[PDB]
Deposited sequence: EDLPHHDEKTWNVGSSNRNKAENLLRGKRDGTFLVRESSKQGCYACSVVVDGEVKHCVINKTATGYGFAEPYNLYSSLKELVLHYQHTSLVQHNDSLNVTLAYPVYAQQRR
C-alpha cells in the first residue's frame, strides 16, 4: 500500500540519456516517470501521450525544478513532493504528477 516511490530504484535509472529515457517510457501511461543522471540531473515523464523531459537543478539549497523551489534535501524528497503536487506551476506543458515509477 505505501507508495512505490519510497524505493528509489523504481524510478532512478542512474546514468542515462534522453534517448534511453524515451525507449524506457515508450507506451507507458501518463504520469510514468524516471529520474536520470549523467548537466547532472533530469526528469523524464509521460504527459498527454508524449515523453517530456526537464532539468532537475542541484543547488546549494537543494534539488528542484526551478528557483525559488530548489529546496528539496534529496531526489527522493523531490519525487515524493511531486507525486502529489503537479509540475504545472513550473511549465504549462507539464500538467502531470510523478505518479508511476518506471520500474514499479
## Note on the structure
Unmodelled spans of the deposited chain sequence come out as 39-41, 108-111
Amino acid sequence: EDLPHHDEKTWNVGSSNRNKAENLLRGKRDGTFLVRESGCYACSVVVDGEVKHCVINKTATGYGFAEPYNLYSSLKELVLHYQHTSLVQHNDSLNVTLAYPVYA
From here on, numbers count along this sequence of modelled residues.
### Task
Tell me which of 13-21 and 76-84 has the higher mean C-alpha B-factor in the deposited entry.
13-21
### Query
From 54, 34, 46, 40, which pick has the Cα B-factor that tops the rest in the entry?
40
### Message
Ranking the modelled residues of this chain by C-alpha B-factor as given in the entry, is residue 7 in the lowest, middle or highest third?
### Response
middle
